[PDB]
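Quick setup: one chain, the form deposited in one PDB entry, written in structure tokens, and binding and motion questions come after.
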């Protein structure tokens, strides 16, 4: 015969074998397994499950009670009446699907505040392998929920009614604070379809009005129909006509963010965000994603305040330390200030000693003034049109759309009533460029702060005067008790911390590799525990037992990589989960991460955002994780089952020499 080679035949066999769970279970039985250093079992199977259910039951009652609270009026917003449903057709169907988001010809939405909380699987594991009291107390503080109406409206009010301060800012200043590589900018003078096809986004996210579908679902309608229509009115300078005739094309949706929330403040705090039309966000994303890819970060340019793009792996963690040590005496030499969104890392020296500040902004978006927003858009647009002047006028028009989306977009909340922010001031969270808008506003305030240090106002190192400064001079609210300068351990020993403070949600720590120091992320056990027992996903009954077991395995690998392996208790807990995962679940074919397993949830491991596990049946050992954060003495990801490949293929090669003598 001659159809396919035996080698190819073996390969095909291997591929279908990893989809046969019963086959994997049989063949991997009694196989040599790499076991993690796990914590001892603390209670039986049934006990752990019952304790987890008790917590879940209590959290569900707290959510239900808080969701029962009445919410304030929305009178703090301007009301615009009702919008007609978009009647634009694309071939054989309307872009606005019939029988959805339609109340008698008017666009409508309904906010969902479900009673269901996060799954109990991870919490069960916590009770199984850790202290009952600590697990219970930790789990009862936080829950993954839709939030509440009362907390939603309260938080919405806070960021749409705050008195802002217009920043004193120019292009020249932004060039100093946010340098970039012009050669990294996308050629926006190219054809628009190709540019739009280049932007990246969440395929599962809402495409907003008028699509009312996921982005991947609405993608042809956006590209083939609405976008050319939008383009035609832009270049003819006829947007008002399009706005007036098809208002849903410029309509946003104000949604409640499903998230981890503090139980005690459920009725006062639920974060709003705005979902804009797909065509608008995608068009603007050309500039926004181009610019963010060209931005220098602080560790590359000491004049930069920008942390937007910083990542921990590949020496990133140590780069932070090296950069921070360059901080000078307050009032004599420049400090070291890092801005990523509303998160800030400040370093200064006092009498030669390095101090670190990590303060929190309170609802920063409500403090972002219209001047800053316009200045950022102008800066981003100018950066491109200086590089590619032949396309200036088109992208300056897009810039105007951008500013409107960030400040004055009409939006739905619940029902048919259309609202609008009373003032331009205040950033509409969720708009494209949100992180940059926040980063610049923060950097501008901290730049002024640093200038006042050089002016001689050294009492701005103190919380009371610092908080007053940011409020009065920049309209920013620093949470009381979060401005606490800490003495930095500039050259930490093995197992020692940088400080106890967090930047981008993580502590900085030094661990041992051979005789060299490696800077790695770190958290207290209870912080790892909180993340672990509150996964960001609801109860789905379609999820089979196998999928749920695999999820625990993937999330455990995720936390370890993020730095849980560097905390002994967290290491032992994640180790228990891994060791408890069945062989067939470890070695089965998975879809997530391109067949390599779901990537960690933490978003700042790499700059491009995407972290890839080498293999889906891989074990995140201490040595391997350390290798991820060092500039490299590289390491393979060890397999949980070293003999998995041969056992699954039911064949291990043995050398058979043809050159042997016989007679």
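Positions refer to the first chain, counted from 1. By rigid core we mean the largest C-alpha set that fits within 1.5 Å across both forms.
Of the other entries compared for this protein that flank it with modelled residues, a third or more give no atoms for residue 601.
Of the other compared PDB entries of this protein that include residues on both sides, at least a third leave residue 612 without atoms.
The question of which stretch, 570-578 or 234-242, has the higher mean Cα B factor is settled in favour of 234-242. Look at the C-alpha B-factors of 22-30 and of 615-623. On average they run higher in 22-30.
For the set 539, 355, 310, 250, the PDB entry assigns the largest Cα B-factor to 539. In the PDB entry, the Cα temperature factor peaks, among 591, 304, 482, 530, at 591. Ranked within its chain, residue 494 lands in the highest third, by CA B factor from the PDB record. In the PDB entry, residue 66 places in the lowest third of its chain by CA B-factor. Among all modelled residues in its chain, residue 610 ranks in the highest third by Cα B-factor. Among all modelled residues in this chain, the alpha-carbon of residue 50 has a temperature factor (C-alpha) in the middle third. Looking at the C-alpha B-factors along this chain, the one for residue 512 belongs to the highest third.
We do not show the form deposited in another entry, though everything after this point is about it.
Once the rigid core is used as the reference frame, the Cα position of residue 631 differs between this form and the one not shown by less than 2 Å.
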